[PDB]
Amino acid sequence: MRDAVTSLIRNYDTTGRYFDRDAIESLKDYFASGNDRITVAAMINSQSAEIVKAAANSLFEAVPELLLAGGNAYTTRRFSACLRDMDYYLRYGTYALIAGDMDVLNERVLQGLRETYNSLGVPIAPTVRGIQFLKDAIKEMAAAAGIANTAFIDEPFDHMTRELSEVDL
Amino acid sequence: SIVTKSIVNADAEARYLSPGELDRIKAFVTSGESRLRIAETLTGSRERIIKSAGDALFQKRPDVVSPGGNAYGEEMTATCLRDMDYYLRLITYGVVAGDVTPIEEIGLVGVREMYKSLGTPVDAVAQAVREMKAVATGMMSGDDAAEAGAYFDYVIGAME
Amino acid sequence: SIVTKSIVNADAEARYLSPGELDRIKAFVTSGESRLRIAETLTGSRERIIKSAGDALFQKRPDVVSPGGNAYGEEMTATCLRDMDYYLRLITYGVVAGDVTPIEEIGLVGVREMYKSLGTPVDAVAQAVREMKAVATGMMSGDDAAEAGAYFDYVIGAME
Amino acid sequence: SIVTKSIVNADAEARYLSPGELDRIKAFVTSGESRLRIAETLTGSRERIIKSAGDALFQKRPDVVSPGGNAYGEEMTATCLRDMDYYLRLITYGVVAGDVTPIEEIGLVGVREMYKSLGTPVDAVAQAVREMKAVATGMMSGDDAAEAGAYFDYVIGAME
Amino acid sequence: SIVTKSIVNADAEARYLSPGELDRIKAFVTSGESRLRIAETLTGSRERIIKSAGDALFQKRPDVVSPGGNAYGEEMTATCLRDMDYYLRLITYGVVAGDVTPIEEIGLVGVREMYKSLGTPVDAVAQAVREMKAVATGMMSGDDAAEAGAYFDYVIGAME
Amino acid sequence: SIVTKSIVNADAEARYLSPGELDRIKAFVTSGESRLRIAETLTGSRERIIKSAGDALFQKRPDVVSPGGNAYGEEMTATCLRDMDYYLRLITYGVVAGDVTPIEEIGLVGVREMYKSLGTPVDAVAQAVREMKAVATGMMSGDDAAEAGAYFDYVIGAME
Amino acid sequence: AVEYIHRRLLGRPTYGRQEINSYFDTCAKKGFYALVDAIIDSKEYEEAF
Amino acid sequence: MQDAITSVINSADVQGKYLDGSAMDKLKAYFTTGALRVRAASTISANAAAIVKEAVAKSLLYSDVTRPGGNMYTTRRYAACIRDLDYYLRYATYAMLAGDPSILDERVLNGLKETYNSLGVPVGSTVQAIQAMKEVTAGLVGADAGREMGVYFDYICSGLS
Amino acid sequence: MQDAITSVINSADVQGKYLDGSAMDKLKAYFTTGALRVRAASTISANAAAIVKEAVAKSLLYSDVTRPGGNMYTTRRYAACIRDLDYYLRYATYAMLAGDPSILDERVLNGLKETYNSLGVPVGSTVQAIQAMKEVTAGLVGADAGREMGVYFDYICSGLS
Amino acid sequence: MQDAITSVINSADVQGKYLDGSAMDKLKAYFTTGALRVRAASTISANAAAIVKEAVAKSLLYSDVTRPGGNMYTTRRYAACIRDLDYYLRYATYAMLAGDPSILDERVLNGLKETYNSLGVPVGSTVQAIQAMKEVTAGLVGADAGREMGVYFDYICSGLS
Amino acid sequence: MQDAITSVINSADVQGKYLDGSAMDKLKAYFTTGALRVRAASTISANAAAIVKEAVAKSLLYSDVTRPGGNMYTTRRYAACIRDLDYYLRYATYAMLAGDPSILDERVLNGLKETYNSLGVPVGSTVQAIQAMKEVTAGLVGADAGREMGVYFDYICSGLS
Ligand SMILES: *[C@H](C)[C@H]1/C(=C/c2[nH]c(/C=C3N=C(/C=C4\NC(=O)C(CC)=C4C)C(C)=C\3CCC(=O)O)c(CCC(=O)O)c2C)NC(=O)[C@@H]1C
Ligand SMILES: CCC1=C(C)/C(=C/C2=NC(=C\c3[nH]c(/C=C4\NC(=O)[C@H](C)[C@H]4CC)c(C)c3CCC(=O)O)/C(CCC(=O)O)=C2C)NC1=O
Ligand SMILES: CCC1=C(C)/C(=C/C2=NC(=C\c3[nH]c(/C=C4\NC(=O)[C@H](C)[C@H]4CC)c(C)c3CCC(=O)O)/C(CCC(=O)O)=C2C)NC1=O
Ligand SMILES: CCC1=C(C)/C(=C/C2=NC(=C\c3[nH]c(/C=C4\NC(=O)[C@H](C)[C@H]4CC)c(C)c3CCC(=O)O)/C(CCC(=O)O)=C2C)NC1=O
Ligand SMILES: CCC1=C(C)/C(=C/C2=NC(=C\c3[nH]c(/C=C4\NC(=O)[C@H](C)[C@H]4CC)c(C)c3CCC(=O)O)/C(CCC(=O)O)=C2C)NC1=O
Ligand SMILES: CCC1=C(C)/C(=C/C2=NC(=C\c3[nH]c(/C=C4\NC(=O)[C@H](C)[C@H]4CC)c(C)c3CCC(=O)O)/C(CCC(=O)O)=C2C)NC1=O
Ligand SMILES: CCC1=C(C)/C(=C/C2=NC(=C\c3[nH]c(/C=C4\NC(=O)[C@H](C)[C@H]4CC)c(C)c3CCC(=O)O)/C(CCC(=O)O)=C2C)NC1=O
Ligand SMILES: CCC1=C(C)/C(=C/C2=NC(=C\c3[nH]c(/C=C4\NC(=O)[C@H](C)[C@H]4CC)c(C)c3CCC(=O)O)/C(CCC(=O)O)=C2C)NC1=O
């Protein structure tokens with residue numbers, strides 16, 4: 001896995017150069033916003049099982065077929081599998097919120113997710129809309145808790161739904 | 001780094017980050033300023049560190065520069081100082097990252113196999129990092145010398 | 001968009017962007033504010049556009065809602081208004097992007113094959129976009145109506 | 001006919017006609033009386049077939065005879081029955097030819113393009129030839145109905 | 001076969017099987033019983049066909065069995081009768097399949113290159129198949145002799 | 001000749017003649033007397049060469065003179081010797097040309113097709129030109145025999 | 001078959017997906033004869049040969 | 001690419017034997033079923049677009065795959081899906097006429113799994129679409145012609161899965 | 001490219017009428033000729049090489065053409081001559097099968113005249129060879145089909161001259 | 001191939017949602033940086049050959065790779081090296097204008113590693129050449145335009161390594 | 001996995017024939033060369049690490065691949081490179097002892113190209129490393145033992161390329 005620091009370290013290592021002015025400025029930029037990420041992560045660790053359920057109910061209010069007959073969140077086995085999947089998305093979104101880099105999401109979530117979902121019949125679309133219902137919930141909850149900047153909260157879910165995304169453009 | 005190690009250690013355990021690990025990440029996040037100061041101290045004076053450490057090494061272990069040793073000749077001594085420069089760069093990376101996974105994960109895993117394939121005595125390389133540690137901790141304040149000497153200590157420990 | 005088209009057209013030619021293409025991108029960058037205003041005008045009043053355009057379409061072409069036509073019944077008329085909503089959304093995308101490559105690259109390439117496989121008259125769909133254009137250019141100022149009617153014009157032209 | 005198609009096949013393969021397709025031409029030669037009887041019965045009752053098939057088509061799909069539809073009015077319905085006359089005429093030509101190629105040359109190349117120009121729904125024409133097929137095979141004996149229904153089936157397959 | 005040829009010829013044209021090709025396959029399907037009877041006639045009396053045809057060939061073309069020819073000696077004459085047996089077997093395959101694509105696709109493509117590399121006169125092989133055709137069409141009824149002589153005719157035609 | 005071939009080579013490559021092939025034409029010009037001597041000796045003893053080579057061919061391959069073979073009878077054997085006369089004539093033309101191209105233009109393009117028509121075994125003709133080669137190189141001096149045997153070798157190579 | 005016929009008649013492999021979605025669409029609605037006709041039509045054939 | 005006749009001839013030729021009674025019986029079975037194969041092929045050639053659009057109307061319409069995010073979303077993807085289903089029906093008709101599925105694994109099932117896995121095409125949804133196409137054409141041509149169509153439709157679904 | 005059937009359909013199509021009884025009369029005339037047309041076509045296809053070799057052995061062999069000084073001297077020109085004769089016989093067989101000489105005017109006699117003037121091919125020797133081939137195929141396949149081949153060979157000669 | 005605008009639209013479309021405030025803020029960020037992107041693209045289009053030749057003069061000249069045995073030895077290899085560096089600078093300019101590196105891994109970094117590994121091209125030396133090109137163009141266009149050029153130069157070096 | 005003896009036996013068994021004189025001559029050739037194979041295998045087992053480190057000192061050292069950015073850069077990559085070269089020398093010794101390269105394409109060259117292409121390993125640089133290993137061991141064991149080592153080294157380089 002990579003955080004932002006090991007990203008800069010691997011970036012400078014492949015050319016064999018030391019840190020310049022700009023590398024120290026980007027490391028200061030990660031270390032200055034570190035406390036903000038950590039109180040956001042602790043506030044998510046407060047209400048994880050609540051946020052996952054609320055994002056799930058907002059997703060099922062969005063796409064109503066999945067609770068109904070032909071949908072994929074049909075039975076309670078499928079309902080519990082979908083809510084555990086949303087718990088996975090919030091967990092690795094917290095991990096990428098603390099790390100500040102998208103390599104944990106790429107190595108442990110997004111690599112080969114589409115294969116499993118296309119095979120099992122799990123749809124990819126309401127998965128993404130549920131991921132960003134989680135993102136919107138986290139964003140307004142942490143903007144309510146005195147935190148000025150929300151770009152780092154914006155980062156990992158936007159990456160996760162740029163990757164599961166179907167490129168049609 | 002610290003964040004990578006905490007994330008992976010919570011990741012195998014199928015749990016979130018425990019609050020103790022979270023204040024560990026928080027304390028590392030606060031101490032990053034002193035880490036960057038130690039990194040600028042190590043980066044800006046690399047010429048004198050490599051020069052004085054090579055001088056004290058070849059004073060201490062003269063057989064590797066004598067005919068018959070590995071670092072005998074102009075280009076071989078230049079490659080020897082280049083290897084010392086590599087290890088000082090990895091020391092700076094480990095100082096910034098707050099953990100030795102840059103140093104170990106770049107330049108310490110197959111170091112015995114590589115230096116055995118080159119024909120190099122690894123104890124003399126440990127003496128080179130020892131002289132680098134002496135010059136570097138002679139260059140800083142007390143707690144800064146202790147925090148840099150932790151990573152220098154890890155490199156000499158991972159040699160032997 | 002404009003930037004994609006300029007980059008690709010310089011990209012095949014193995015050259016950089018010519019300065020005329022660069023002031024084209026600059027003029028599009030300056031006109032983006034008016035493009036976003038037209039997009040908010042089209043986005044905020046989508047209910048009345050879709051409703052009035054469906055009303056004028058079924059007034060104009062009553063056979064597709066008569067028994068025997070495609071959009072006969074409750075759910076079929078709902079799907080018809082949904083297809084009109086899709087095309088108004090693509091109109092908004094083409095208004096923002098400054099070019100018709102969103103509209104063409106999403107909902108105009110195999111439109112003939114799709115609507116032939118569904119059993120749909122494509123001229124009645126062109127009349128639907130015509131009524132959408134009438135309601136939309138009845139909703140704006142002059143130059144705004146011309147700039148939106150360019151993309152509405154492209155959709156009706158790409159139908160037939 | 002079958003002879004022109006066998007000749008262009010032996011020409012593109014640059015060889016003489018195989019005894020298999022010589023036997024095919026000979027069997028076609030002997031079955032000339034049966035196909036003459038089929039085309040005779042079809043040329044006999046063309047008006048009754050067209051009237052029953054047109055009323056069955058208008059009963060099935062009323063969108064074409066509705067206001068705003070294609071075949072609205074006396075002359076438009078008469079031209080619709082004229083197009084059904086042309087298609088039954090080509091059906092008789094292909095029935096007496098033993099091949100579908102005169103139907104292809106005269107009335108199957110650009111029917112989608114020209115009906116895209118006139119505004120005629122092509123699936124409605126496929127339904128019209130479906131009703132003509134059902135009525136003509138209702139008139140014939142079952143083996144001859146199978147033969148004529150092969151060519152009718154080919155026409156509705158090339159339609160939709 | 002016939003079905004392979006019809007499927008491929010409709011397959012390149014991106015269309016289904018035309019109804020004329022379908023009654024071609026149907027007529028071949030009905031004539032398969034007479035094809036199997038001709039095949040049993042050719043299969044059961046292969047000894048007398050090969051023996052009498054070799055006798056009439058060496059009577060007709062004695063130089064290939066004279067010293068200096070290809071089929072001179074015991075094993076060479078045995079290989080000559082074996083090649084005639086191969087061609088009678090391919091004749092039986094082409095009789096069953098209803099087309100010459102077994103015969104051509106097995107034993108007629110590089111027949112000139114093979115028999116030129118062996119040093120064989122190909123006209124004498126054409127005379128061998130001619131005598132095989134004489135003995136075989138002397139063995140059957142009229143239409144059966146014509147249908148088998150079509151494939152024998154194709155083999156002698158593909159020789160020269 | 002060599003000059004026409006160098007000219008068509010410089011034409012297809014769209015340049016003037018290189019000094020290498022100018023030196024080739026000059027060396028060909030100086031070696032004209034040797035090739036005149038070779039063609040002189042061949043035009044001298046053509047009957048003896050043809051008689052010994054034809055009897056050697058008939059002794060080697062008796063299939064052509066056997067009953068049922070190609071060259072059976074007085075006129076057929078005389079035409080066989082006439083074809084050997086044509087080939088020795090083209091050998092002399094190519095010997096005096098310095099190139100194999102008049103042999104190619106006059107007697108090497110369609111010899112397989114025309115001998116496929118007449119029924120002549122082409123490998124027997126290759127044996128005939130082999131015997132003509134052996135006899136003519138037996139007559140010549142060894143260096144000139146090598147030159148004439150190059151063209152004879154080319155003819156039997158283009159035969160088989 | 002699209003790829004090998006393209007390598008035979010144009011002398012190069014295909015570049016991407018559009019190029020293959022466009023030639024196999026000509027193979028779709030019209031067939032192999034129009035595939036050869038569309039490869040021989042192309043501006044790269046005209047400019048190259 | 002070989003029908004029942006060419007496969008029987010290939011077996012008897014790889015044996016090197018003449019056509020014995022079992023081969024004669026196999027060819028008699030094919031020559032009895034061939035007229036039914038011809039009539040079913042004509043009936044399927046009649047209603048290609050209707051069978052395809054009824055298969056989409058049964059399975060793929062109004063589900064998530066035609067919604068945003070689905071692989072059948074755009075008009076390009078819809079046209080390519082109709083194109084793929086027309087291919088499956090056309091080659092199932094060819095394999096029905098030949099009486100041998102060699103054309104299916106020669107010319108459909110050759111690189112189809114790797115193509116669909118590289119594009120991101122759902123294989124289960126297209127298997128359900130082919131199954132609905134099979135159900136519609138078996139309702140069209142009857143019981144036994146529908147069965148001899150469904151054996152090659154099941155061959156395509158098995159090679160795709 | 002038109003048959004007797006396609007020419008009948010074409011003539012009834014230019015004036016614009018349907019099929020009349022006289023068209024059916026021409027069609028039944030074509031069929032009752034067409035059965036023996038098939039058998040004669042199989043006989044000509046069986047023996048084409050012997051027919052061409054007897055044609056050249058009858059007329060062209062011991063003349064100045066197959067000798068030096070003629071246009072049939074070299075093996076290149078001899079192979080081209082045999083190929084020209086094979087093509088005349090094959091297209092005459094196609095015209096015999098179709099019952100219409102439109103193929104001979106369409107594919108054979110299109111530009112054959114001017115290339116025969118430009119290459120210096122003798123028209124008279126070719127016409128003699130075609131007529132020799134005509135009575136060779138007449139003695140082979142029979143009398144009525146001999147007349148059938150006769151008018152199409154004569155069509156080729158009239159387009160040539 | 002997508003800029004910042006098309007990627008924002010693609011995210012909002014794969015969601016199926018309308019453009020909310022975060023997308024509006026991202027597009028406002030791009031519409032503020034676009035004029036600086038335009039001016040840096042003009043300044044880079046001014047000095048293509050100068051930036052390339054200064055990158056070779058910094059890194060690759062007078063080293064072993066221009067000596068015999070090096071992969072930049074011959075004039076063909078030198079011309080191909082200048083061509084490759086011009087490609088890297090041109091596509092870095094394109095990715096700077098789009099504000100998204102999708103064109104780089106679509107059209108540069110696609111088969112570049114396997115091509116360079118098959119040819120024998122040193123990847124470290126060309127990474128150092130791209131780094132010197134980045135250093136020269138960041139000296140050319142300033143601090144922040146040099147940084148937004150260097151992010152795509154680092155993208156090319158990371159995908160190459 | 002088969003030596004010269006097992007391949008000769010497999011050929012005679014797939015024939016179904018007994019061991020004729022050509023098989024006896026092949027086995028006599030192997031039984032004459034076997035002592036030289038044994039002594040060369042002992043001499044190569046003596047100096048495994050020396051041959052490997054001399055191959056790296058000839059080809060891969062002081063080039064770009066041991067510099068930053070190269071695929072042989074880190075200590076992990078250096079150790080894996082020494083491991084890969086030890087594998088090539090060990091399996092070339094095995095194929096020299098067997099007298100048949102079946103073990104090489106069974107157990108080295110099976111998925112090696114796809115592994116190296118997935119990892120980003122340069123194939124030309126490792127082919128040059130195997131060639132230098134061949135040159136060093138042919139200097140070690142002599143002319144003819146070096147040749148019968150180099151035939152399997154060339155087999156590994158040909159299957160890798
Ligand atoms: C829920 C909102 C959506 C949904 C979910 C759904 N998923 C499954 C089954 C599985 N999901 C996964 C997913 C992951 N595994 C991982 O390792 C990661 C990264 C951490 C993810 C995201 C896996 C592996 C399975 C298979 C079951 C298993 O874990 O062994 C189902 C069950 C499908 C079924 O019918 O069996 C469901 C319902 N479905 C929806 O409709 C929502 C959009
Ligand atoms: C086949 C057996 C089976 C059942 C029954 C089942 C039920 C089921 N009931 C649900 C919710 C619910 N069910 C109810 C109501 C009720 N629930 C009851 O059993 C009472 C009859 C009734 C109250 C009197 C309500 C109000 C919700 C919404 C809960 C929420 O907001 O999360 C949900 C969550 C998804 C949804 O909103 O529908 C499931 C999966 N799953 C199964 O596999
Ligand atoms: C960042 C992690 C890392 C390390 C450590 C590293 C070492 C490394 N050291 C090398 C050589 C060397 N390194 C030394 C160094 C020494 N010999 C002595 O006697 C002294 C004790 C000691 C240094 C103080 C010498 C002499 C050589 C040359 C060996 C030879 O030429 O055979 C080489 C081969 C040539 C080259 O490409 O540089 C590598 C790859 N590479 C790496 O990527
Ligand atoms: C964004 C680009 C895009 C378009 C255009 C699109 C169209 C689309 N239109 C459909 C149906 C339809 N669309 C119409 C629309 C019309 N019929 C009429 O008579 C009117 C003229 C016209 C609308 C005003 C109707 C009636 C259907 C239902 C067809 C059926 O049920 O057979 C369906 C199948 C059901 C579904 O999944 O929605 C698609 C995919 N999908 C897309 O992704
Ligand atoms: C099924 C298609 C097929 C054919 C035709 C075929 C022919 C074939 N004929 C051969 C030999 C031969 N075939 C002949 C036949 C003839 N020579 C004459 O003079 C007669 C005119 C004529 C037969 C009536 C002779 C003499 C040989 C031996 C050639 C030699 O020994 O050099 C051989 C080489 C030895 C062998 O393996 O049998 C092959 C492969 N193989 C095939 O798979
Ligand atoms: C200069 C290029 C050239 C060639 C090659 C050529 C060949 C040629 N060979 C002929 C005949 C012939 N050629 C042969 C020759 C042979 N058959 C055998 O038995 C022998 C093995 C072989 C002799 C090597 C025979 C037997 C005939 C007469 C064929 C017949 O009358 O059926 C004839 C027919 C008579 C004539 O018009 O002179 C020509 C034109 N003419 C040319 O102008
Ligand atoms: C003749 C043998 C053969 C087949 C079958 C074949 C399929 C094939 N289907 C494709 C795409 C496709 N196939 C589908 C089909 C589907 N996706 C869905 O969601 C549905 C479940 C399913 C339809 C029932 C779609 C939507 C695409 C377009 C993918 C895209 O544009 O991103 C592509 C990508 C390139 C292109 O569209 O033109 C190929 C090569 N190619 C062949 O040569
Ligand atoms: C399908 C209709 C069709 C025909 C008929 C046709 C004929 C045709 N005959 C040709 C030559 C020829 N045709 C002959 C003909 C003859 N030998 C004689 O002297 C006799 C008068 C006659 C033998 C019966 C000769 C000698 C040449 C070659 C003359 C030369 O170019 O050297 C050529 C020039 C290319 C070639 O060398 O073959 C064409 C195109 N092309 C066609 O597409």
# chains A, B, ... in the order shown; residues from 1 in each chain; ligands from 1

call {"tool": "residues_near_ligand", "arguments": {"ligand": "ligand 3", "cutoff": "7 Å", "atoms": "only C-alpha atoms and all ligand atoms", "output": "ChimeraX atom specification"}}
result
/B:54,64-65,69-71,76-77,79-81,83-84,86-87,90,106-107,111,118-122,124-125,128 /K:61-63,66-68,73-75

call {"tool": "residues_around", "arguments": {"residues": "residue 156 of chain I", "least_positions_apart": "4", "cutoff": "7 Å", "atoms": "only C-alpha atoms", "output": "ChimeraX atom specification"}}
result
/I:104,152,160

call {"tool": "residues_near_ligand", "arguments": {"ligand": "ligand 7", "cutoff": "6 Å", "atoms": "only C-alpha atoms and all ligand atoms", "output": "VMD selection string"}}
result
(chain G and resid 21) or (chain H and resid 65 71 to 72 77 to 78 80 to 81 84 to 85 87 108 121 to 122 125 to 126 129)

call {"tool": "residues_near_ligand", "arguments": {"ligand": "ligand 1", "cutoff": "6 Å", "atoms": "only C-alpha atoms and all ligand atoms", "output": "PyMOL selection string"}}
result
chain A and resi 66+72-73+78-79+81-83+85-86+88+109+120+122-123+126-127

call {"tool": "interface_residues", "arguments": {"of": "chain D", "to": "chain E", "cutoff": "6 Å", "atoms": "only C-alpha atoms", "output": "NGL selection string"}}
result
:D and (19-20 or 99 or 150)

call {"tool": "write_last_selection", "arguments": {"atoms": "C-alpha atoms", "output": "mmCIF file, in the first residue's frame"}}
result
data_model
loop_
_atom_site.group_PDB
_atom_site.id
_atom_site.type_symbol
_atom_site.label_atom_id
_atom_site.label_comp_id
_atom_site.auth_asym_id
_atom_site.auth_seq_id
_atom_site.Cartn_x
_atom_site.Cartn_y
_atom_site.Cartn_z
ATOM 1 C CA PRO D 19 -23.162 -32.315 -61.649
ATOM 2 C CA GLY D 20 -24.867 -31.517 -58.350
ATOM 3 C CA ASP D 99 -34.944 -18.000 -56.694
ATOM 4 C CA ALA D 150 -40.724 -19.639 -48.334
#

call {"tool": "residues_near_ligand", "arguments": {"ligand": "ligand 2", "cutoff": "7 Å", "atoms": "only C-alpha atoms and all ligand atoms", "output": "PyMOL selection string"}}
result
chain A and resi 57+67+74-76+79

call {"tool": "write_last_selection", "arguments": {"atoms": "N, CA, C and O atoms", "output": "CSV table (one decimal), in the first residue's frame"}}
result
chain,number,residue,atom,x,y,z
A,57,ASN,N,-30.3,3.0,2.7
A,57,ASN,CA,-31.7,3.3,2.6
A,57,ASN,C,-31.9,4.4,1.5
A,57,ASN,O,-32.9,4.4,0.8
A,67,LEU,N,-35.1,-3.8,-4.2
A,67,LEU,CA,-35.8,-4.4,-3.1
A,67,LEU,C,-37.0,-5.3,-3.7
A,67,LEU,O,-37.4,-6.2,-3.0
A,74,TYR,N,-32.5,-8.8,-3.4
A,74,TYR,CA,-33.9,-9.2,-3.3
A,74,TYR,C,-34.2,-9.8,-1.9
A,74,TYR,O,-34.8,-9.2,-1.1
A,75,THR,N,-33.5,-10.9,-1.6
A,75,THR,CA,-33.8,-11.6,-0.3
A,75,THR,C,-33.0,-11.0,0.8
A,75,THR,O,-32.3,-10.0,0.6
A,76,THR,N,-33.1,-11.5,2.0
A,76,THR,CA,-32.4,-11.0,3.1
A,76,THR,C,-30.9,-11.4,3.0
A,76,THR,O,-30.0,-10.8,3.5
A,79,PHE,N,-29.7,-8.8,0.7
A,79,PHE,CA,-29.7,-7.5,1.4
A,79,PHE,C,-28.5,-7.4,2.4
A,79,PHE,O,-27.9,-6.4,2.4

call {"tool": "interface_residues", "arguments": {"of": "chain J", "to": "chain C", "cutoff": "7 Å", "atoms": "only C-alpha atoms", "output": "PyMOL selection string"}}
result
chain J and resi 2-3+31+34-35+38+42+45+90+94+98

call {"tool": "write_last_selection", "arguments": {"atoms": "C-alpha atoms", "output": "CSV table (one decimal), in the first residue's frame"}}
result
chain,number,residue,atom,x,y,z
J,2,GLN,CA,-11.1,12.9,-21.6
J,3,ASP,CA,-10.3,16.2,-20.0
J,31,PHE,CA,-12.1,27.2,-15.6
J,34,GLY,CA,-7.5,27.2,-18.1
J,35,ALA,CA,-6.0,30.5,-19.1
J,38,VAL,CA,-3.4,28.1,-22.6
J,42,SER,CA,1.6,28.5,-26.3
J,45,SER,CA,4.7,25.3,-28.6
J,90,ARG,CA,3.9,17.0,-27.1
J,94,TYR,CA,-1.8,17.8,-24.4
J,98,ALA,CA,-6.8,18.7,-20.9

call {"tool": "closest_residue", "arguments": {"among": "E:38, E:136, E:49, E:108", "to": "ligand 5", "atoms": "only C-alpha atoms and all ligand atoms"}}
result
E:108

call {"tool": "select_by_dssp", "arguments": {"residues": "segment 72-102 of chain I", "states": "helix (DSSP H, G or I)", "output": "list in words"}}
result
residues 75, 76, 77, 78, 79, 80, 81, 82, 83, 84, 85, 86, 87, 88, 89, 90, 91, 92, 93, 94, 95, 96, 97, 98 and 102 of chain I

call {"tool": "closest_atom_pairs", "arguments": {"of": "chain J", "to": "chain K", "cutoff": "8 Å", "atoms": "only C-alpha atoms", "output": "CSV"}}
result
residue,atom,partner,partner_atom,distance
J:113,CA,K:120,CA,7.2
J:114,CA,K:117,CA,7.1
J:117,CA,K:122,CA,4.9
J:118,CA,K:124,CA,6.5
J:119,CA,K:124,CA,7.6
J:120,CA,K:124,CA,6.0
J:122,CA,K:64,CA,6.4
J:123,CA,K:70,CA,6.5
J:124,CA,K:69,CA,4.3
J:125,CA,K:64,CA,6.8
J:127,CA,K:69,CA,7.3
J:161,CA,K:69,CA,5.9

call {"tool": "write_last_selection", "arguments": {"atoms": "N, CA and C atoms", "output": "compact mmCIF listing (two decimals), in the first residue's frame"}}
result
# COMPACT_ATOMS: atom_id res chain seq x y z
N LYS J 113 6.31 0.33 -22.56
CA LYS J 113 7.27 -0.48 -21.81
C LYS J 113 7.67 -1.72 -22.58
N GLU J 114 6.70 -2.38 -23.21
CA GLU J 114 6.99 -3.60 -23.95
C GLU J 114 7.73 -3.31 -25.24
N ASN J 117 11.27 -2.54 -24.14
CA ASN J 117 11.94 -3.74 -23.65
C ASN J 117 12.25 -4.69 -24.79
N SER J 118 11.44 -4.67 -25.85
CA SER J 118 11.74 -5.48 -27.02
C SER J 118 12.86 -4.88 -27.86
N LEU J 119 12.93 -3.55 -27.95
CA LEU J 119 13.98 -2.92 -28.74
C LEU J 119 15.33 -2.92 -28.04
N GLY J 120 15.35 -2.98 -26.72
CA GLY J 120 16.57 -2.78 -25.98
C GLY J 120 16.81 -1.36 -25.55
N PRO J 122 17.09 1.70 -23.17
CA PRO J 122 17.21 1.88 -21.72
C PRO J 122 16.08 2.75 -21.18
N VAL J 123 15.39 2.25 -20.16
CA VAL J 123 14.27 2.99 -19.61
C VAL J 123 14.74 4.03 -18.60
N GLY J 124 15.84 3.77 -17.89
CA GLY J 124 16.32 4.74 -16.92
C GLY J 124 16.90 5.97 -17.58
N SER J 125 17.62 5.79 -18.69
CA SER J 125 18.19 6.93 -19.40
C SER J 125 17.12 7.79 -20.03
N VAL J 127 14.09 8.00 -18.82
CA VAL J 127 13.41 8.63 -17.70
C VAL J 127 14.18 9.86 -17.24
N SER J 161 8.58 3.54 -15.94
CA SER J 161 9.44 2.78 -15.03
C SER J 161 8.80 1.47 -14.61
